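Below is one structure, written out as structure tokens; comments come after it.
Nothing in this text is a laboratory measurement; each read-out follows from the coordinates by a stated rule. Using ideal geometry, Cβ is built from the backbone for each residue, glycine included, and neighbour counts are taken over all protein chains shown.
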Amino acid sequence: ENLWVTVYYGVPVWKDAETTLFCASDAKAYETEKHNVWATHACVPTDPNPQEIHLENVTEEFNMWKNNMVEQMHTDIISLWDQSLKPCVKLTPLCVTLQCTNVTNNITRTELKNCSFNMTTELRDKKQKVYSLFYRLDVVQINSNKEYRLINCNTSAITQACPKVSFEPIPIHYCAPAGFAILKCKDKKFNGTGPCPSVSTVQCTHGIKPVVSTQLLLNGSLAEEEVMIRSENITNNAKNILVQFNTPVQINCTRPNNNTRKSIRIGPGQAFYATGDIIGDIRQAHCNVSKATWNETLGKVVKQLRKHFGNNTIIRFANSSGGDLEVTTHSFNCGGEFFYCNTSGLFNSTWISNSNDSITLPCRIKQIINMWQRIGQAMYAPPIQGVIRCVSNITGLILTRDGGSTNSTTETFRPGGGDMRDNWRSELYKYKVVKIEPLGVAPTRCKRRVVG
Amino acid sequence: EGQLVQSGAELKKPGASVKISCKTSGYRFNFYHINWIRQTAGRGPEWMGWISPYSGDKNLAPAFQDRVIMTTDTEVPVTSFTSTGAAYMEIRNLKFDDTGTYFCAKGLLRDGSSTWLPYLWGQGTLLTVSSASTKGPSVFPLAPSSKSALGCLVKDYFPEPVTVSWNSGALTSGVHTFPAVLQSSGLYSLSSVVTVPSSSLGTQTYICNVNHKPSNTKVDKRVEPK
Amino acid sequence: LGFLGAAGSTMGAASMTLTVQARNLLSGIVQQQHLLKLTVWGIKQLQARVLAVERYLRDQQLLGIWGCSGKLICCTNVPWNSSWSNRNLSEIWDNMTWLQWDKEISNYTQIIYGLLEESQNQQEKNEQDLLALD
Amino acid sequence: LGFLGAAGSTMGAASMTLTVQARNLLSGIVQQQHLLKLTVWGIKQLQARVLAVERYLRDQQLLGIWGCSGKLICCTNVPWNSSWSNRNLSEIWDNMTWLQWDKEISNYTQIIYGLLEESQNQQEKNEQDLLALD
Ligand SMILES: *[C@@H]1O[C@H](CO[C@@H]2O[C@@H](C)[C@@H](O)[C@@H](O)[C@@H]2O)[C@@H](O[C@@H]2O[C@H](CO)[C@@H](O[C@@H]3O[C@H](CO[C@H]4O[C@H](CO)[C@@H](O)[C@H](O)[C@@H]4O[C@@H]4O[C@H](CO)[C@@H](O[C@@H]5O[C@H](CO)[C@H](O)[C@H](O)[C@H]5O)[C@H](O)[C@H]4NC(C)=O)[C@@H](O)[C@H](O[C@H]4O[C@H](CO)[C@@H](O)[C@H](O)[C@@H]4O)[C@@H]3O)[C@H](O)[C@H]2NC(C)=O)[C@H](O)[C@H]1NC(C)=O
Ligand SMILES: *[C@@H]1O[C@H](CO[C@@H]2O[C@@H](C)[C@@H](O)[C@@H](O)[C@@H]2O)[C@@H](O[C@@H]2O[C@H](CO)[C@@H](O[C@@H]3O[C@H](CO[C@H]4O[C@H](CO[C@H]5O[C@H](CO)[C@@H](O)[C@H](O)[C@@H]5O)[C@@H](O)[C@H](O)[C@@H]4O)[C@@H](O)[C@H](O[C@H]4O[C@H](CO)[C@@H](O)[C@H](O)[C@@H]4O[C@@H]4O[C@H](CO)[C@@H](O)[C@H](O)[C@H]4NC(C)=O)[C@@H]3O)[C@H](O)[C@H]2NC(C)=O)[C@H](O)[C@H]1NC(C)=O
Ligand SMILES: *[C@@H]1O[C@H](CO)[C@@H](O[C@@H]2O[C@H](CO)[C@@H](O[C@@H]3O[C@H](CO[C@H]4O[C@H](CO[C@H]5O[C@H](CO)[C@@H](O)[C@H](O)[C@@H]5O)[C@@H](O)[C@H](O)[C@@H]4O)[C@@H](O)[C@H](O[C@H]4O[C@H](CO)[C@@H](O)[C@H](O[C@H]5O[C@H](CO)[C@@H](O)[C@H](O)[C@@H]5O)[C@@H]4O)[C@@H]3O)[C@H](O)[C@H]2NC(C)=O)[C@H](O)[C@H]1NC(C)=O
Ligand SMILES: *[C@@H]1O[C@H](CO)[C@@H](O[C@@H]2O[C@H](CO)[C@@H](O[C@@H]3O[C@H](CO[C@H]4O[C@H](CO[C@H]5O[C@H](CO)[C@@H](O)[C@H](O)[C@@H]5O)[C@@H](O)[C@H](O[C@H]5O[C@H](CO)[C@@H](O)[C@H](O)[C@@H]5O)[C@@H]4O)[C@@H](O)[C@H](O[C@H]4O[C@H](CO)[C@@H](O)[C@H](O)[C@@H]4O)[C@@H]3O)[C@H](O)[C@H]2NC(C)=O)[C@H](O)[C@H]1NC(C)=O
Ligand SMILES: *[C@@H]1O[C@H](CO)[C@@H](O[C@@H]2O[C@H](CO)[C@@H](O[C@@H]3O[C@H](CO[C@H]4O[C@H](CO[C@H]5O[C@H](CO)[C@@H](O)[C@H](O)[C@@H]5O)[C@@H](O)[C@H](O)[C@@H]4O)[C@@H](O)[C@H](O[C@H]4O[C@H](CO)[C@@H](O)[C@H](O)[C@@H]4O)[C@@H]3O)[C@H](O)[C@H]2NC(C)=O)[C@H](O)[C@H]1NC(C)=O
Ligand SMILES: *[C@@H]1O[C@H](CO)[C@@H](O[C@@H]2O[C@H](CO)[C@@H](O[C@@H]3O[C@H](CO)[C@@H](O)[C@H](O)[C@@H]3O)[C@H](O)[C@H]2NC(C)=O)[C@H](O)[C@H]1NC(C)=O
Ligand SMILES: *[C@@H]1O[C@H](CO)[C@@H](O[C@@H]2O[C@H](CO)[C@@H](O[C@@H]3O[C@H](CO)[C@@H](O)[C@H](O)[C@@H]3O)[C@H](O)[C@H]2NC(C)=O)[C@H](O)[C@H]1NC(C)=O
Ligand SMILES: *[C@@H]1O[C@H](CO)[C@@H](O[C@@H]2O[C@H](CO)[C@@H](O[C@@H]3O[C@H](CO)[C@@H](O)[C@H](O)[C@@H]3O)[C@H](O)[C@H]2NC(C)=O)[C@H](O)[C@H]1NC(C)=O
Ligand SMILES: *[C@@H]1O[C@H](CO)[C@@H](O[C@@H]2O[C@H](CO)[C@@H](O)[C@H](O)[C@H]2NC(C)=O)[C@H](O)[C@H]1NC(C)=O
Ligand SMILES: *[C@@H]1O[C@H](CO)[C@@H](O)[C@H](O)[C@H]1NC(C)=O
Ligand SMILES: *[C@@H]1O[C@H](CO)[C@@H](O)[C@H](O)[C@H]1NC(C)=O
Ligand SMILES: *[C@@H]1O[C@H](CO)[C@@H](O)[C@H](O)[C@H]1NC(C)=O
């Protein structure tokens, strides 16, 4: 006996918890381009020196499908999207009886309409007719001379996005507040979520960019080894599966249409930017994929799924069965306009048990959108005048169920990205924040002065 | 607080070279050191060499650094504080002087004053470096005399321990047992107690099995009525 | 050792450099750094800076009523109760990380705090009644 | 005695447990705990948490320049002026609540504060010039 208790301020202990974070991005575009939708007009700049410390002898258990960093990311981008659209031109007097006719094809695919209507002019007393153009599926028939209707006027409002807003995703660091720390896993093969042995305590995450993609993730991060397979629950086929590419496949998307900005003043100052007549031929949008480079990626995936999924059953790769055309096609915002390249061409290959040609995909463009199934308010995308090219790295895949097969064999995973939060999980699978507790009591024979 | 268990029951010729293994569980395998010891036919057990699962810096005994060398792979973490690993060791030369029982044990503590000494011990492995060939034991019933304390008999088996002798594992509480015996011929034998209340023969079972490795087992002989 | 360097090391080695851990936490995060400033990031910055000081000052208020206003390590005149831990002197300090110890007293950690205020300050600062001037 | 238990009791009995009163005030209020967070309650929560620390730190800044960084009761080397109160030793401590005493010095309470910084710290920390190393 005769042991006393002693206090220690500065002890390294923590408990699993989550709180608010903040943005961090250095000097990116500022003057040459500004008014970004993600970095806002000003965010807390990150320091070039990276805050990193390697932790030894520690094996903290992470979690990815129960991590709340993706939850705050999901909800931050949503409130950020609306904050950058509230001060922009509303498009309410654009819901008037549209009388359209098919475009000039030498009296003979269609996909677009040379439509018109009459709107408000600078004077509310006077009205003005202007002929613009619209895309298919942005409009659906009402009930000779075709008379059409904006599809959104049936369900929700509409507000045009601002023309000087940059929709390019830039790296947005999520750094921890004071008294907290973001633990990153350094173990390469982090199957599922368990006890990651190689941990690093970093203050600022890496360059995370908010790629708004569907079925196929682009510009993601990865750190070697077999193409990693992550699933909240491997036995349940109903759950979604995130897949990471040991090497990215360089893809290029573009639209050949040469459009023109037609500004028409609605009301006092606001102007509605629509499509004029398309100059220099009309062509369909497409995304190329390296055919030889894709056959190796589908082979590496099926190899590591094999020891994961019995390694005895048959591979059945099909198009995204069911769903909606925006949730089953590779939907993504690129170059201002919103592409929806046809996925069904990639997963036609089936491989089981033991200058150069490139596969391409037909794509269409949509101007009316309200992503992540937000039915509150929709937005019109002004057609970007001139040329468009995307040319991004693809690094991830989103695959979903394969029916309720009762035992037997034969199954895979067809593409579905029904949830937008999973897209951010491909970057935050290794991060978890903890509540640092600097207080720690321990006994030791040790006492201060007797009387004082 | 972490249980360590050895492989056990491996034996070969004098001029051979065998490796023993040790399953770990319930303690972080990274920093607790592993060491080995051996008790001979001589009275005194002696210490071998201590290995560190991290860094690999080791200081084995000087008399065995030339012949015996041991390594150890990494670990698989169960949680943040429990993990399971394995430690092996290879010995090149050995004789009848190297026969006896071998233990492994967990390193004492992970600090400075003293670490190298053992802490938690395993069940142990016994190694026979006797050149005579392996043989299959023989089974006999061993019936009580005054039936008008129970068990079964083993006669003539060459090496090591035959271990568990009971059928279906039906009784583990109150089952006294007995050790082995050296014969004039050199062929070992043993017997086994079992303390169960006296009852009738038709009501209960009187079957016992023994496991073996010199040769595999199959029959679980029972007792004669009289 | 730049920060949490001994998170996995022994409680003794972690006790050798616990200054570092204390320095970075209050200061850390580089908080210091269209015309509006009502954005979603600024409001997440301000409240993240409020708990920064309101979790620091939640802890610094405890050391002040323990005689440890400006000391990282006070030895306190409170006797240790055997029920809290049965392990000997070198049994815990040479074997457990601070992580393991935080869960081993987290049950009766509040019982310690209440007793620390009584003997080290509630009585000690009173014991000078007969000794201050006499 | 769980909080303000001796608000109506004697200044002596209140001086026996003044730790309790100090503990709860900084910590107290359980501040720690559609998609927006711009509501009228959150803004009343944040500013209520700002004066929480900015009234605590307004007081803790005074004890620091009085040698009382981590003591609830300092005896200060400032002589008491008879003009502030004419009552004897046992006349106030066995008769008045702290409430009554707060209004009896509230007139010349600032005069005391200015003098406390001079003799207990402005001169004391200087008196070591000839005694620190010599
Ligand atoms: C967590 O991770 C850490 C790794 O972190 C490392 O951090 C730094 C330091 C870098 O190395 C990084 O690369 C790493 O990431 C792992 O940490 C390791 O844990 C090991 C197991 O605990 C430990 O292994 C062995 O420790 C033995 C015991 O140490 C000596 O000395 C210390 C300090 O003095 C003392 O506390 C010990 O009890 C013990 O006894 C003392 O020995 C000295 C020397 O003889 C005596 O000094 C004498 O004093 C008299 C006067 O009094 C006179 O001057 C004499 O001349 C003088 O010799 C002293 O009296 C003894 N008593 C005391 C004070 O107690 C070591 O013996 C052994 O050494 C071997 O390795 C060394 C390092 O390479 C070699 O130099 C040496 O030759 C040997 O090969 C081991 O070090 C590791 O040291 C330790 N860290 C390192 C360096 O890796 C950790 O395992 C892991 N898990 C945990 C526990 O959390
Ligand atoms: C997508 O849809 C848009 C919208 O088109 C909409 O429908 C058409 C029918 C039209 O009414 C549009 O106003 C409406 O918004 C298309 O954009 C339009 O495409 C049409 C295609 O025909 C273009 O029409 C031609 O316009 C020529 C010039 O007229 C302009 O100016 C007029 C007033 O100017 C007067 O003076 C100038 C000289 O300074 C003269 O050149 C002009 O004729 C007038 O005298 C104004 O009223 C017009 O709206 C327009 O701004 C016009 O010369 C053409 O008409 C000729 O020739 C045609 C063949 O090229 C022939 O088919 C016509 O029948 C016509 O022949 C006769 O010409 C006489 C000249 O005096 C005339 O008096 C006769 O009446 C006429 N015969 C009869 C009867 O019809 C065309 O009318 C139009 O300019 C485009 N928009 C504009 C700028 O207004 C767009 O092309 C579509 N997509 C694509 C890519 O196809
Ligand atoms: C995943 O990652 C990939 C990474 O590749 C992302 O993909 C793409 O990555 C590209 C990397 O280069 C990004 O390319 C940039 O494109 C912009 C486009 O801006 C043009 O148009 C703006 C507005 O239009 C005005 O001007 C045009 C004429 O161009 C006119 O027709 C219109 O009417 C209107 O007036 C202009 O403000 C802008 O200036 C430009 O014209 C481009 O600005 C970037 O410029 C760099 O590269 C170009 C071409 O090589 C070069 O000329 C630039 O040089 C300097 O000078 C120019 C001219 O004064 C100046 O604008 C620059 O600021 C420089 O000072 C400069 O080096 C660049 O080409 C692309 O945006 C990005 N996104 C797309 C579309 O995919 C991918 O986005 C990521 N993930 C996903 C799928 O989102
Ligand atoms: C994204 O892009 C993908 C691209 O695939 C697209 O998928 C399309 O989905 C639609 C609707 O689900 C498909 O639509 C129809 O498919 C019809 C099926 O073929 C019948 O007729 C066959 C003869 O067709 C020849 O070509 C087919 C390929 O389509 C080929 O298999 C045949 O061998 C043959 O060469 C007939 O053979 C076939 O069934 C017999 O043969 C098969 C194969 O040997 C055998 O297994 C069966 O047992 C049976 O014996 C079947 O009866 C197709 O007929 C139809 O229209 C065709 O003719 C019209 C008129 O000329 C053409 O205009 C048209 O281009 C077709 O040639 C129509 O195509 C469609 O096939 C899928 N793929 C495409 C485009 O071909 C997704 O929907 C896209 N996503 C979005 C967002 O839309
Ligand atoms: C990822 O998540 C999935 C979620 O599904 C986890 O998947 C587990 O898969 C296994 C596959 O076998 C399931 O096992 C069975 O689930 C049954 C579901 O119960 C349903 O029916 C109940 C009763 O309804 C009627 O039909 C049943 C049919 O058996 C009759 O027995 C009954 O009399 C009725 O006529 C409903 O009450 C219930 O709501 C469901 O609709 C279970 O019923 C079934 O129980 C059997 O096995 C039990 C465990 O041994 C045993 O106690 C029971 O007595 C019975 O024998 C059995 O559990 C899992 O249920 C399923 N998990 C979940 C959450 O349901 C998957 O494990 C996870 N990831 C992992 C770890 O891989
Ligand atoms: C806004 O556009 C609409 C059409 O979407 C205008 O409504 C009427 O549309 C018809 C379409 O043919 C116009 O045609 C005209 O019909 C008359 C009589 O049948 C005929 O003599 C003309 O030669 C021509 O074919 C018509 O002008 C137009 N208005 C009327 C009175 O019917 C609408 O007027 C436009 N602006 C608004 C809202 O006032
Ligand atoms: C990552 O790999 C680890 C193994 O290193 C997996 O842990 C083990 O996973 C299997 C299958 O999911 C578990 O077996 C099953 O457990 C469930 C209950 O969760 C039970 O219902 C089934 O009958 C079966 O027993 C196993 O318990 C689990 N743990 C261990 C220690 O083996 C892990 O699932 C993989 N996925 C991750 C976390 O990414
Ligand atoms: C997309 O369409 C625009 C507009 O048509 C194209 O811009 C045009 O490019 C040509 C290239 O030679 C320019 O050169 C010449 O202009 C003279 C005078 O106007 C004209 O007589 C020639 O026939 C030729 O067009 C032209 O000025 C320029 N702009 C216009 C008003 O046509 C553009 O080239 C197309 N796509 C891209 C980006 O290449
Ligand atoms: C697919 O399965 C075969 C056998 O089912 C794998 O070959 C090895 O088979 C033995 C005995 O069944 C297992 O113990 C091995 O674990 C199997 N190999 C491995 C490394 O898993 C074959 O490897 C499996 N597919 C692949 C290519 O991994
Ligand atoms: C125009 O396209 C629509 C698409 O449904 C079609 O119904 C209509 O008949 C087409 N009209 C002409 C004449 O091309
Ligand atoms: C994308 O464009 C680049 C331009 O150099 C080209 O090299 C690459 O092959 C293209 N990839 C595909 C398949 O679209
Ligand atoms: C070690 O612990 C025992 C109780 O398990 C205790 O009685 C003993 O006093 C402790 N050792 C020391 C150093 O006092």
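Counting only residues at least eight positions apart within a chain, or on another chain, the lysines with an alpha carbon under 16 Å from that of A:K186 are A:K430, A:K432. Dipole orientation for chain A: of the candidates A:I352, A:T155, A:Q51, A:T155 has the Cα lying most toward the positive pole (charges on Cβ; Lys, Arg +1; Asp, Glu -1). Taking θ as phi - 60° and the Karplus parameters 6.51, -1.76 and 1.60, the scalar couplings of segment B:5-15 work out to 10, 8, 4, x, 6, 10, 8, 8, 6, x, x Hz in sequence order, x denoting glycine and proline. In terms of overall dimensions, the C-alpha atoms belonging to segment A:16-83 reach 47, 30, 16 Å along their principal axes, ordered largest to smallest. Computed across segment A:72-132, the Kirkwood hydrodynamic radius from all distinct Cα-Cα pairs reaches 15.2 Å. For chain A, the alpha carbon convex hull comes to 238 Å³ per residue, rounded to a whole number. For the protein assembly as shown, the Kirkwood estimate of hydrodynamic radius, built from reciprocal distances between every pair of different alpha carbons, is 36.1 Å.
Given charges of +1 on the Cβ of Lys and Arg and -1 on the Cβ of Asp and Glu, with all other atoms neutral, how large is the dipole of segment A:354-452 about its Cα centre, in debye to the nearest 20? Could you put the intermediate results ahead of the total?
On the way: 15 positive and 7 negative charges, 211 e Å.
Value, rounded to 20: 1020 debye.
Treating each Cα of segment A:268-370 as one equal point scatterer and applying the Debye formula with no solvent, the log10 of I(q)/I(0) at q = 0.17, 0.18 Å⁻¹ comes out as -0.97, -1.04.
Rounded to the nearest 20 debye, the dipole magnitude of segment A:53-105 is 560 debye, with +1 charges on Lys and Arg beta carbons, -1 on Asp and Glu beta carbons, and the Cα centre as origin. For segment A:168-325, the average shadow cast by the Cα convex hull is 16.4 nm², which is a quarter of the hull's surface.
The HN-Hα couplings worked out from phi for segment A:39-45 by the Karplus form 6.51 cos²θ - 1.76 cosθ + 1.60 (θ = phi - 60°) are 6, 6, 9, 6, 10, 5, x Hz, whole numbers, x standing for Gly and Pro.
For the protein assembly as shown, give the magnitude of the charge dipole about the Cα centre (Cβ charges: +1 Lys/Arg, -1 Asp/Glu; no others), in debye to the nearest 20. Present the calculation step by step, with values, prior to reporting the outcome.
Numbers: 90 positive and 77 negative charges, 754 e Å.
Dipole of the protein assembly as shown, to the nearest 20 debye: 3620 debye.
Distance between the modelled labels on C:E104 and D:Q123, one decimal in nanometres: 5.3 nm (7 Å Cα→Cβ projection). Label-point spacing at D:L46 relative to the other copies reads 0.3 nm, in ascending order, each point sitting 7 Å out from Cα along Cα→Cβ.
Sorted largest first, the spans of the alpha carbon positions of segment B:132-226 along the three principal axes are 44, 26, 21 Å. Projecting label points 7 angstrom from Cα along Cα→Cβ for A:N295 and A:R389 puts them 2.7 nm apart. When chain B is described by a simple charge dipole with +1 on each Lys and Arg Cβ and -1 on each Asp and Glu Cβ, the residue from B:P45, B:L4, B:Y157 located farthest towards its positive end is B:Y157. Computed over chain D, the quotient of the alpha carbon radius of gyration and 2.2 N^0.38 Å is 1.40. Take each residue in D:60-71, count the other chain C-beta atoms within 10 Å of its C-beta, and the mean is 3.
The simple Förster model, with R0 at 25 Å and r as the Cβ-Cβ distance, assigns C:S27 and D:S69 a FRET efficiency of 0.80.
Segment B:155-185 and segment D:79-125 have Cα centres spaced 90 Å apart. At an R0 of 45 angstrom, the distance between the Cβ atoms of B:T203 and B:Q183 translates into a FRET efficiency of 0.75.
Taking 51 Å as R0, compute the FRET efficiency from the Cβ-Cβ separation of A:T75 and C:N86 and round it to 0.05.
Numbers: r = 47 Å, r/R0 = 0.93.
Plugging the Cβ-Cβ distance into 1/(1 + (r/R0)^6) gives 0.60.
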